[PDB]
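First comes one chain, alone, set out as C-alpha cells in the form deposited in one PDB entry.
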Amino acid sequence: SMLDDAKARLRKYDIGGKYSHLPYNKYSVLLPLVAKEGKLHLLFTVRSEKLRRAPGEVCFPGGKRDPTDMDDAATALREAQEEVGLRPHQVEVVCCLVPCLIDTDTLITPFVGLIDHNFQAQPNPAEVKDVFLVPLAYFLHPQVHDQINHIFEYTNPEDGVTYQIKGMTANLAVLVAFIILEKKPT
C-alpha cells in the first residue's frame, strides 16, 4: 500500500539515536505526513507574528527539548500537540532523519510522522497563525523564486493563498519527497 511503501522507504534513512546524546542545544521538528485524495502531503505551520524568532515564517511543528522529554521524538510530539493539537495517538513516528546543525551550538533533529486521517488541526494562535498542507509531489517540481537564495512559492488551489517556504523547512520537504517518491511505477 501507499502508506506501507512510504514507511518502508523512510526506515532506510533512519539514523535513530546515533546523534541524540551529543551536548548541543537541542530542538526537534515533526515532518507530518497526511494522506488526502489518494496522495501524501506535508503539514506546515505559519509561525505567529508575535513570536520573536522568525515571525510569520513557514515552519514544521517543533521546538526546544525540555527535561520532561524521554527522547528527541518526544520533543517533536509535545511541541506538535502544543502548536496544532496533534495528540500522540494520532501520530506514528516512523524515523529520524539527518539532523540539521546550526549556529555552532544547536542541533535540530527531524522526525517523520504518519498522521491519522481523523486529525483536524487546531492552530494555537499564540504560536501558529496558520496550518496548511502541501502535496509531497510539489517538492519535486516546485515554483522557485530567488530573493541571493532559493524560495518555493506554493499556492493552495482550494483558496489561492500563496505561501513562501524556505530554508531548512524547504530543504527537509525536498528530502522527504525524494525519499518517498523517487523511482516509483505509475
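Definition used throughout: the rigid core is the maximal C-alpha set that superposes within 1.5 Å between two forms. The first residue of the shown sequence is 1; numbering continues from there.
Superposing each structure in 8 other deposited structures of this protein on the rigid core shows that the farther-lying of 49-57 and 121-129, by root-mean-square Cα distance, is 49-57. Coordinates are lacking for 10 or more deposited residues between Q147 and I148. A summary of the deposited B-factors shows that, of 32-40 and 47-55, the stretch with the larger mean C-alpha value is 47-55. Stretches 23-31 and 154-162 differ in mean C-alpha B factor, with the higher average recorded for 154-162. Within the selection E79, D72, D103, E92, the deposited Cα B-factor values reach their highest point at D103.
The PDB entry assigns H117 a C-alpha temperature factor belonging to the middle third of its chain's modelled residues. Among the modelled residues of its chain, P99 has a C-alpha B-factor that falls in the middle third according to the deposited record.
When the modelled residues of the chain are ordered by C-alpha B-factor, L3 sits in the highest third. Compared with the other modelled residues of the chain, the Cα B-factor recorded for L136 ranks in the lowest third. Per-chain ranking of the deposited C-alpha B factor places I15 in the highest third.
Keep in mind that the form solved in complex with a small molecule is not shown, yet the notes after this line are about it.
The closest heavy atom approach of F119 to the small molecule in the entry with it bound falls within 4.5 Å.
Among residues of the shown chain, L43 is one whose heavy atoms approach the small molecule to within 4.5 Å in the entry with it bound. Although the partner is absent from this view, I115 contacts the small molecule in the entry with it bound, with a non-hydrogen atom inside 4.5 angstroms. Although the partner is absent here, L133 lies within 4.5 Å of the small molecule in the entry with it bound, judged by heavy atoms.
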